[PDB]
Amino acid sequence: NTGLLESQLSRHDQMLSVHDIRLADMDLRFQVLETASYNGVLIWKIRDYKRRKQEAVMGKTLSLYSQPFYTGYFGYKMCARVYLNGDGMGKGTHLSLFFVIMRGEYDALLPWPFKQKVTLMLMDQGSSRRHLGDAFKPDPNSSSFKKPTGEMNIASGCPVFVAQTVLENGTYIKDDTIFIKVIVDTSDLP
């Protein structure tokens, strides 16, 4: 009875398709977990700079998010967002770098608005180690730092973090990779 045979093959095909997708999503979940940090410090490694720069220039992929990082095991959940070809007043001329508060499982227990000092950095891979960076005290009246209602608050940071020329002509890029670092002050709490 081939109709029966075909129906079962079809069910199996569909279930194999679902499993193949769950498997790929778990691979992603592993990477996220393996690169998580719980002391308020993020190191974000961005490979294939050239291709990714070009995808932002072409408007295919304007921005990238880091993996999440945390101020503590059950603390604020955060990430970074970078625009390789720049955003706002830095579009086309700069790399723009922003900080992001994400909805965390424990937000009901944490102080809001978010008020930890944040430091944004681009790492120098040259032997001089002249890292680019700046820090800010979050503005309490910015919606960037409100208790999250959606998955992610609006990003906040530096549209003109570094000129693209400075970036590309220095020692920040090596083996077609850059390293971004974010430091959130945690000494303040709990």
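Residue indices: 1-based, along the sequence shown.
- Look at the mean CA B-factor for 37-45 and for 157-165 in the entry; the higher one is 157-165.
- In this entry, 106-114 shows the higher mean Cα temperature factor of the pair 106-114 and 83-91.
- For residue 123, the recorded CA temperature factor ranks within the middle third of the chain's modelled residues.
- Per the PDB record, residue ranking by Cα B-factor puts residue 63 in the middle third of the chain.
- When the CA B factors of the chain's modelled residues are split into thirds, the value for residue 10 lands in the middle one.
- The deposited CA B-factor of residue 23 belongs to the lowest third of values across its chain.
- In this PDB entry, the Cα temperature factor of residue 189 sits in the top third of its chain's modelled residues, the highest group.
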